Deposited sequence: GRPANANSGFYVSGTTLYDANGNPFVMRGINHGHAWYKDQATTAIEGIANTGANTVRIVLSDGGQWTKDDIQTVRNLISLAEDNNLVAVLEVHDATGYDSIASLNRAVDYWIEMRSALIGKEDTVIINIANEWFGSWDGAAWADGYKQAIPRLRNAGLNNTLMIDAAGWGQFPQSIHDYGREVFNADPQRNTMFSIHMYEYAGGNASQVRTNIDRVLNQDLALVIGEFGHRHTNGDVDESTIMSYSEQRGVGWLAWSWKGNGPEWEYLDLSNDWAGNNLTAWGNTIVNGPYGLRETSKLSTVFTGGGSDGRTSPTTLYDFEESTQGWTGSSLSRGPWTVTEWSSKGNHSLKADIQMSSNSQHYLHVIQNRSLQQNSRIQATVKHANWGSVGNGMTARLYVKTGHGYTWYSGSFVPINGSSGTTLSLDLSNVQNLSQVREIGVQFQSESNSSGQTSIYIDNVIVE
C-alpha cells in the first residue's frame, strides 16, 4: 500500500479456462522481483498449499532489477510444472499516475511477448500493479483505453487483468468506467481486479457492495490482493473469502513472504519453503473457505447433543452446494428436523457442511453425527488452534435409505479448547454424477 506517512477467455462475469470450464482463482501473491533466488522454493511451496494460481511480481526495471525474458520463461515453467495458473504483473508503476510508467509496463509485455504468446491457457497478464494511485476513474480509464490496444496489436492474446485505481482500493473506478475499458479490448478478453484492504474491504458491507458493483457491470472480477489488516485499519478477510465463494469471485492473498517491517504481518509463511505457515497463512490455506476447502486446479492441468436443528440451521454453512443448507422435516435421526443441502455430484467431487464457530470441546473425547444422501462416502472433521489444524475420521460409505453414524475420536486431538470449525466432508464416488441432497443431524459429543 501507500506510505503510512486457445486459452483463457471471459464471458460476462465468468473467467473460463481453455476447456470451457469456469475458473475461480484461489491463490497467493509471490514477491519474486525482490527475491529472485527464491523462485523455485516459493512456487513449489505455494503449490503445496493447494493454491490453483500464483500472482508473480515482476519488475520492468523502473524501480528494481528488470526481470529478463529467460527469467519470465523460467517463472512460467515453474508455475506450469506445478499445475499453477500464473498471473504475471509489472510492479514498478505502483501508485503512479504517470502515463510514462504505464507505457513502460506495456513496452515490457511487448518485449517479452515471445514468452507469453502460446501460453494463453496458463498465463494471465495483469498489466500493472496498482497503476494510477489517485482516485480518478476517468483518468484511469484513459490510460488503459490506449494501453490495451497496443498490447493486442503486438500479438498478445492472453486474458488481461486490470487493477482498479486508488492503489487498487477504488472499485468505483471499475463500476463507472470498467465497461469502457473492456470495450477498448478488441478481443473482449479483459477482467478486473480489486485490492481489498482497509478502504475497499474494511467491513462486510463494503466487501459485498464493492464486489457487486463490479459484477453488475457484467465484468469478471478477482480480488487480486487482500490481507487480514492493513496500514490504517482492519480488513474483513472472512467476508472476502465467504462472499467470493458464494459469487464465484477469485482471490489472491498477499503475500507469501518478504514484506517489509511495516507490513510483515502480511507474510503467509515464516519460511520460503512453506513448511511453517503464519496464522495469516493458515487462515488462507486451512481456514473456512480457504484453499484446502475451495481451491480447484485449472482443468487444463487435470453425551450431549450440540446440533439437533429443530428450530434453525444453527449457524451452519457449507461449500460446493447448489442450494441450501436448510432445516427440514423431510428426514431426521433425532427429533423431527435435520440439516439439508442440495449438491451436484461429479467424479470424486467433495462437498461441505460446517459450522464455523469458536468453542471448547476440552474434556470431550468423541464427536459423532448421523448423515445420509437422497454412491457417496463421508467423514466428520474438526479444526483447532490458530493453525486451523485438521482432524477427521476415515471416509465411510453412506447411503440414501437410512442414516449412517460418523464418528471422530478426540482423545488425540490437540488444542481442543480452541475448536474453530466442525463439519462433514462428503465425497462422491468415481462414477458418481447427477443431483442429490445431503443431510446431517444429531451432532453429539461425549
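- Several segments of the deposited sequence are absent from the coordinates, namely 6 to 7, 305 to 313, 386 to 392.
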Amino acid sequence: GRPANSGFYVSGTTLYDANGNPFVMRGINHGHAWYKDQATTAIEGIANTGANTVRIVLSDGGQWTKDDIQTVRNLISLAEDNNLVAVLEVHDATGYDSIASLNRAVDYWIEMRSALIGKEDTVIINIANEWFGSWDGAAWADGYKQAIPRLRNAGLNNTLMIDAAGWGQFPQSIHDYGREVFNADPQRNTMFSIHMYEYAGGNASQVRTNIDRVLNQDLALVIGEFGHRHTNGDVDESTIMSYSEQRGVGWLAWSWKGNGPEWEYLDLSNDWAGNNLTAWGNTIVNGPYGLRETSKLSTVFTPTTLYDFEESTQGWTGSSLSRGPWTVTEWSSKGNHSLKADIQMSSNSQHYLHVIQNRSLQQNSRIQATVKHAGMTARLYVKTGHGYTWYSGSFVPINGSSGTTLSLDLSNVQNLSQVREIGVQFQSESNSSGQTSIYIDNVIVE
From here on, numbers count along this sequence of modelled residues.
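- When the mean C-alpha temperature factors of 311 to 319 and 358 to 366 are read from the deposited coordinates, 358 to 366 comes out higher.
- Averaged over their C-alpha atoms, the temperature factors of 201 to 209 and 160 to 168 are higher for 201 to 209.
- You'll see in the entry that, of 53, 49, 59, 417, the Cα B factor peaks at 417.
- Note on the listed residues 65, 38, 29, 384: the highest Cα temperature factor in the record is that of 384.
- Sorting the modelled residues of the chain by their CA temperature factor places residue 351 in the middle third.
- Residue 104 sits in the middle third of its chain by CA B factor, as recorded in the PDB entry.
- In the deposited entry, the Cα temperature factor of residue 373 sits in the top third of values across the chain's modelled residues.
- When the modelled residues of the chain are ordered by their C-alpha B factor, residue 289 lands in the lowest third.
- In this PDB entry, residue 300 carries a Cα temperature factor that places it within the highest third of its chain's modelled residues.
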